[PDB]
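Residues per chain, in single letters:
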Amino acid sequence: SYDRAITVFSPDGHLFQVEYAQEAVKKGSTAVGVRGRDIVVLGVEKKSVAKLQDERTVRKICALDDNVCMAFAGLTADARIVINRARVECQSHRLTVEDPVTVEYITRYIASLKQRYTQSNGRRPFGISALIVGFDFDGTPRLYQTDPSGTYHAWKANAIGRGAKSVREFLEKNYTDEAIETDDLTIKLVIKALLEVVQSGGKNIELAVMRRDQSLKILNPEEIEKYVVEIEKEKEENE
Amino acid sequence: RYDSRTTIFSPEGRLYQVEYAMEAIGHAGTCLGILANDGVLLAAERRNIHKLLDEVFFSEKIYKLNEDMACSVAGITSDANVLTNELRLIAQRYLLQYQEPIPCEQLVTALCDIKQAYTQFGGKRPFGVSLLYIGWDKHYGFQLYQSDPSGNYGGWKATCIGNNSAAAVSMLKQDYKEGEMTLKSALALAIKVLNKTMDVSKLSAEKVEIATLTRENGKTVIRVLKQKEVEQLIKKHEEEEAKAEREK
Amino acid sequence: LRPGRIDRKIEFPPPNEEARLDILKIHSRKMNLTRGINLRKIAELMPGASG
Amino acid sequence: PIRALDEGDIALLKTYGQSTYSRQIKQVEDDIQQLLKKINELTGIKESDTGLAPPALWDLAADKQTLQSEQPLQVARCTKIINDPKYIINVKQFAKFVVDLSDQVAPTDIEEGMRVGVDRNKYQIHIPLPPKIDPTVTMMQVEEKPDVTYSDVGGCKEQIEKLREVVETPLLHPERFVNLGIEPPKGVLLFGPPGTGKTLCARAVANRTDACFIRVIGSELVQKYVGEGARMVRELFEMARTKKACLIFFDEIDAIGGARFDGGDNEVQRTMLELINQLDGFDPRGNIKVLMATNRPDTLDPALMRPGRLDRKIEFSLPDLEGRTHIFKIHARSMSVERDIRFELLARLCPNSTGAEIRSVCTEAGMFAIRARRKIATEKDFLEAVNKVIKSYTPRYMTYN
Amino acid sequence: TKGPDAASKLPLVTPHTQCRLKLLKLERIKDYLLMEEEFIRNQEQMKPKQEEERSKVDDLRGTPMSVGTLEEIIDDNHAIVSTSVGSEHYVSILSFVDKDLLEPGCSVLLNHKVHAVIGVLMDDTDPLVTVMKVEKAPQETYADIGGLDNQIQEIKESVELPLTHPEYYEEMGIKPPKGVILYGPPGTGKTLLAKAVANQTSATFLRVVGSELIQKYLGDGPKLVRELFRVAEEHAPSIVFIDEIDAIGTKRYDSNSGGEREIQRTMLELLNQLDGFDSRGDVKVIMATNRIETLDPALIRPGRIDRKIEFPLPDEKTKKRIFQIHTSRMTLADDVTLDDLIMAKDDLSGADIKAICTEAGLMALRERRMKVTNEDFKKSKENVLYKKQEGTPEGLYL
Amino acid sequence: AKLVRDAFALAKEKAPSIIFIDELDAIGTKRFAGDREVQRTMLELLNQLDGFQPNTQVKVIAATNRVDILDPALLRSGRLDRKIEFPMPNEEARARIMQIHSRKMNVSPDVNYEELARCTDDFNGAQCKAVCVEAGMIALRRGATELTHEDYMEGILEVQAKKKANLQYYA
Amino acid sequence: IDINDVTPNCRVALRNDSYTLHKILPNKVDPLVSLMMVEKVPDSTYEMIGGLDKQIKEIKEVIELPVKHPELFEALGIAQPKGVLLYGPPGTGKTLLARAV
Ligand SMILES: Nc1ncnc2c1ncn2[C@@H]1O[C@H](COP(=O)(O)OP(=O)(O)OP(=O)(O)O)[C@@H](O)[C@H]1O
Ligand SMILES: Nc1ncnc2c1ncn2[C@@H]1O[C@H](COP(=O)(O)OP(=O)(O)OP(=O)(O)O)[C@@H](O)[C@H]1O
Ligand SMILES: Nc1ncnc2c1ncn2[C@@H]1O[C@H](COP(=O)(O)OP(=O)(O)O)[C@@H](O)[C@H]1O
Ligand SMILES: [Mg+2]
Ligand SMILES: [Mg+2]
Ligand SMILES: [Mg+2]
């Protein structure tokens, strides 16, 4: 009877509404993010959009700033609002301080907005967990995960959404310094990690690749096709 | 239960009120829109066809938002009217600040943001209005957009919302030729879909409303088909059905 | 309704046009019909009869 | 377009296929079932044991002599004596009779209210009988001390001390209470979360009760016939009064002590009302300390819970950290565990878990140590058991830190 | 003592397929059956003292012999026995009755005329309880379950291993878990794991429904539960299986109804027998529920139900195992690639991974084929998976 | 019915007799096969009450914790009519109860029974006696020869199973 | 009467004098369960049911084929379907098909 109000503590000190909100993140398309020496990758699964609908308006990977991009899970309605507020915050931070918004700062602001929305009644928590990754450190790659609760964390490689447990288990046992020593191997690692969660053909994986002092490069289906062909060749070599 | 208010999250993480609204959107009358290579169109069903009801506006379900946009409606009447007024206000505000037509998706996103804000802040019931958007912009041209009570929109080539939306959408998927539909063919397909989307046989012209978006000499004329052309299309569909049954 | 206690769930949709005609014939067998009692027209007048 | 099967199709389906051995195997199976049934029928006895003594024990031809000479006597109670004196005898339920004694018995032997035997023909009183001692009520006694002592109950020092002050101290040392003019509480209601250890404390008290301990079976008190449960409660309390310093344990008192409502339980409510006046009211109960236990105290009638019948209400709360550590040591005394097991960590990893869950964790650790053929259960086994027993029944823990 | 009355079962035949090796095995079993039949048929016929004693005892006893309750023992040759009609009789105890068994509450056997005690009824078990005892063990063994390995291991450690290898538990010092609850979606393998345990187990197996424990009369419920557990204890190694526990194990709540309060009393008697005053003995309780959140916390607390075994909907490997198990008898074709149906979304249970098999067989029969094909399996899946209506959200989440 | 009639006849035989039917709810439940026998027992009592010649030498006193469950016919006019009401003891009532049940025990003259009465709101007489007995027992725990007011307060805490601890936020 | 034919709960008849069993008698059936056994067959016939040929065949696949020819299922290696459920709009013919069966 303690799960009907955000600001009500359960006898064991649980804010049950936030835990329920995380369940919303548990129901979204998987997002995998791994950062390399000179590359940050945001893996995503496409949901095989309807035969008669356009996929241009189903963008799940969006860039908050010119060099910071985020991939979210959970309900799209809240994710869009969070993304818009993050963009406005980045453009305001640039305005007040000319230095471009750091990935840490944008993640902190997203967490602050989520916490403010999960602090009092009459305001439902944001049911989207955002993986904010960017080279905004001016020579250092960073990746962050903003839980629907409001806490963020620095992750070398983390998974959100459906299958997050399996993708995280794969990433832990395969993400080594030898793995991400080059951009191509980092992209291959992202593809391999997302393959176990999303069993399907091409166009079911959208990869956002960002290099140092560059712009977001949403890889075309062919390039993902080339990388999957390479991974299949590697598997054939192993056998 | 976990549907006392919109703000409440179910243990599985579902906005029960939002789902209830998106289910209730089915009570609304059938409306559909097919995107054609030369334009897009909308089709709606007048549920109220009483003889004592005087048709004064002719656009109960299809509203003009801007000089290059129009959006059909489906859902509560008061919510639909508020949403259409807000759409007009947003479009004209964008025109005043930027002095160019809203690129359609901007208006759709603004309305979806308003609906999301309603579904988030406590003390407000979700807008139970799902309305199809049509229009042309310099960036992508003709587009058809679907808006749900939850603020989740999406580009679509042909969709139907309201009564028997599932059957209409499925059989539009079955017989929609991508990139090969002209406005005449689009109207023919829309009439074919509306014929069996509603239980009423013979698809009375007074009981169906069709509006078409065309790009003529850079004007974007929105035309609501008069009863004469609607009757002509109905007769054409009847003759086509007779020809098809000829094989029998 | 588990597939071990109930194996086959046969649906019973409201009879279609031919089904309505067949039902009319079944229930009109003992009736004294008159020439020009076309039952297809009567069935067409029942769009969704419960059966 | 589906087409039904015909006779020829069925015949070909059952023939066009495997028929070289199928028929033989099927017939063999049917006839094997038949043979099993035939064997079972042929034996089909399993002679039921009867109380027949060893042949030398009875070996009596005078048993017929006693059967022919001795005559069965109906048992009845003499309600009144009339003054040759006449006696009114109630033959339980048969009828009321006015009979006179046979020459065998003397008039002085038979007193009013005594249950005496009578012949089945004339109803004359032939012999007196000892007063009824109910068999169910008598079996309700313990007469066999359970092997759980107070040392096996951990984390409840205050609760155990209160229980002893209620049921044991007043019986062993009445002087400490008589000198200061203190009437010790006569009842204790052990209410707490299920599996916390109320029944264990009751068993310990019965173990060192050094008096009459009566375990009240909730089934017997609820009887099929109307008024039987109240009679059973009244017989139990009389049997407690006849003894000195008896102890009654009303285990799961919520079984019968539900809140009265307006047929509903009705009869169970009447039995509850009988226990209530027995515990408190006219005719002081006497030296009968009542022990009641229940995991759901809120459903008890307020009359039964008033501090006149259940004087001391001991709350068996979930053990604190020290209680959990002591419980872990108590339940791990026999387990072949390693010497470095940090029981403090295992206690801290079971935040809100009763003693029963601690025992379950200990048994799970032992079972894990048995899975891999290891005769010593290391602390990792206990950690896995804790995960399986408490945690089993990350993103949520992500927020906390 | 009255050791286990284990259910009888014939040995298992391995070939399954109608090969001549199976014929030889069945012929050998039949030969031994005819062997036993002939031996026991000749024994009495081929057969040609105690007769005098038996005749004397039966002539003293006479017939019919009434069954009454012994109320008290006054002397060594006298007792008060209350006939079934409630009337107490001061009858004489005859010599040929072992005085050791004569205890208050026992069912005494009395002469019809003089009512003199002539014997003590030993079993006198409630007929509604003796029915529960499993005599013919079900044929479903462990090999008949696809997967559910962890669950099989837990159930074996709880009910099977302790009897066979009690050394491990005795040395470790831990009493083996004496209570297991099987909970999970419907059609997962709960009753199956119970049938397999009953088949393999050598201890007396008692089956209950959770609805037969409730009796119309007031006190019949708790007394029936007590009789069931007493019968289980009489046969020292026993397993009691209370399927559909959620019938009487619903959360206790203040009920203004004797029906509900009677059901609650039955549950209380059950939980008192399971873990309360006096040890439970060597009786293990297995319970099944497709709803564990609605059970009284006391009934499913550690001590009574020591292993809350979970039975999830089958995963890919488990689903492939249940297709192999339920299609082994079937004569599959060459193109039957079960993986297509095995994929599924998330919601294929054993019942379905069997009804699907039955429907594929029936559709093969429709086309007059005894060898199924891939199209048959796809059609059977489409026909038999129609269980849930929506059970899903809309296109909100991304 | 026979038992009730015999009891009333015995009350008649003795001239100055009083019958105390305690826990009248057992047989006084509202009219609704044991129900039949109990309804018959009730009728007998309602009759033996109306069988009395007015102002006879036998008076019946009944007790009950629930008048709602009681059958309305029992009250009536010629039957039990003097519905003597017993209220939960007031402040003075609780203080007097504590004084009466603390008489036999060695009690400190420093006890402020009025403060205890204030601190024991919603306490019936039985609970007040339990409070006194618990205070005595607690005093015995510490080996104190004579009771103290704090002992009475701790007994009041114990009577309702409550436990008082030094909370970390109430300083 | 042989002792092997008296199975538990057989409702035997006993002689009044010596209480000897001299008959087995039909097994006791609760009065109320007897009325549920269809002794008089209903008049509905399959030809009276129209528009449900597929439904009739599907139901007969479970109510007729498994019992009429269990050998087909034994050879196929599939378990005999046990139950069938009829569901649809009211007055569609479910009870009519039940009567026909
Ligand atoms: N405090 C404890 N210390 C040690 N062992 C305990 C404790 N509590 C429970 N146990 C263990 O759990 C077993 C069962 O617990 P017990 O029956 O005493 O619980 P309960 O609270 O009386 O149950 P319920 O409230 O359901 O009647 C005990 O025999 C003992 O082995
Ligand atoms: N895992 C499985 N492996 C093999 N056969 C299975 C499995 N699950 C189900 N089956 C088959 O389907 C039947 C249904 O499963 P089962 O009887 O165990 O259901 P249950 O879990 O008891 O469900 P309910 O809640 O309906 O009682 C089994 O008897 C068996 O024939
Ligand atoms: N397909 C059909 N063929 C013949 N008669 C039908 C059909 N459907 C409905 N009916 C008629 O409608 C009536 C409905 O009776 P019933 O079978 O009880 O309906 P339901 O199954 O909905 O309860 C029947 O008397 C039957 O004669
Ligand atoms: Mg207990
Ligand atoms: Mg089951
Ligand atoms: Mg019907």
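Definitions and limits used
Residues numbered from 1 in each chain as written, not as in the entry; some residues may be left out. Chains lettered and ligands numbered in written order. Part of a larger assembly, values for the part shown. Heavy atoms only, no water. Residues with missing side-chain atoms left out of burial classes, pairs and counts. Helix = DSSP H or I, 4+ residues; strand = E, 2+ residues; numbered from the N terminus. Rg over C-alpha atoms; globule rule 2.2 N^0.38 Å. Near = heavy atom within 4 Å. Polar contact = N/O pair within 3.5 Å; in protein donor to acceptor, adjacent residues only side chain to side chain. Areas by Shrake-Rupley, 256 points an atom, 1.4 Å probe, with all protein chains shown as cover. Nonpolar A, V, L, I, M, F, W, Y, C, P; charged D, E, K, R; others polar. Contact = heavy atoms within 4.5 Å. Expected span 1.5 Å × (residues − 1). Patch = residues over 30% accessible without salt bridge, like charges linked within 9 Å, V, L, I, M, F, W, Y side chains within 5 Å. Salt bridge = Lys/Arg side-chain N within 4 Å of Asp/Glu carboxyl O. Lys, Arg positive; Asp, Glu negative; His and termini not counted. Charge placed at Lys NZ, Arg CZ, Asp CG, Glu CD.

> Can you tell me about the overall build of chain D, naming the residues and giving the values?
Along chain D, the regular secondary structure elements total 18 helices and 10 strands. On C-alpha atoms alone, chain D measures out to a radius of gyration of 33 Å, which is more than a quarter above the 21 Å that the 2.2 N^0.38 rule sets for 401 residues. With respect to the principal axes defined by its C-alpha atoms, chain D has extents near 95 × 85 × 60 Å.

> Can you tell me about the site of ligand 1, naming the residues and giving the values?
Around ligand 1 lies a shell of 20 residues, among which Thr196(D), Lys198(D), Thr199(D), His331(D) and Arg359(D) are the nearest. Neighbouring residues of ligand 1 are not confined to a single chain but are spread across chains D and E. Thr196(D) is positioned with one of its backbone polar atoms (N or O) 2.9 Å from a nitrogen atom of ligand 1. Surface burial for ligand 1 is 96%, taken as the share of its 630 Å² of free accessible area covered by protein chains. Secondary-structure elements contributing two or more residues to the shell around ligand 1 are α9 (198-207), α14 (321-331) and α16 (355-371) of chain D. For the shell around ligand 1, the leading source of residues is α9(D), giving four residues. Residues belonging to the shell around ligand 1 are distributed by class as follows: five nonpolar, eight polar and seven charged.

> Explain the environment of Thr30(B) to me, and be specific about the residues and the numbers.
Along the chain, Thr30(B) turns up in the loop between α1 (16-24) and β1 (31-36). Not counting chain neighbours up to four residues away, the residues in contact with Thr30(B) comprise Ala43(B), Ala44(B), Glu45(B), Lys61(B), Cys160(B), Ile161(B), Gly162(B), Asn163(B), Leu194(B) and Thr197(B).

> Run through the arrangement of the chains, naming residues and quoting values.
Where 10 pairs of chains are in contact, the pair with the most contacts is made of chains D and E. At no point do chain A and chain F touch; the closest pair of C-alpha atoms across them sits 16 Å apart.

> Hey, could you go over the interface of chain B and chain A for me, with residue numbers and the actual values?
Tallying the contact residues gives 36 residues for chain B and 31 residues for chain A. Within the residue set of the side of chain B that touches chain A, elements represented by two or more residues are α3 (105-120), β7 (154-155) and α4 (165-175) of chain B. With seven residues, the single largest contributor to the side of chain B that touches chain A is α3(B). Split into classes, the residues belonging to the side of chain B that touches chain A amount to 14 nonpolar, 14 polar and eight charged.

> Describe helix α1 (residues 20-46) of chain E, naming the residues involved and giving the relevant values.
For α1(E), with 27 residues, the first-to-last C-alpha span of 37 Å sits near the 39 Å given by 1.5 Å per residue. Structurally, α1(E) contributes buried residues whose contacts are with α2 (22-43) of chain D.

> I'd love a proper account of a negative patch on the surface, names of residues and values included.
A cluster of acidic side chains, namely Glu98(A), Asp99(A), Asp138(A) and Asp213(A), defines a negative patch on the protein surface. Along the chain, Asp213(A) turns up in the loop between β9 (208-211) and β10 (217-218).

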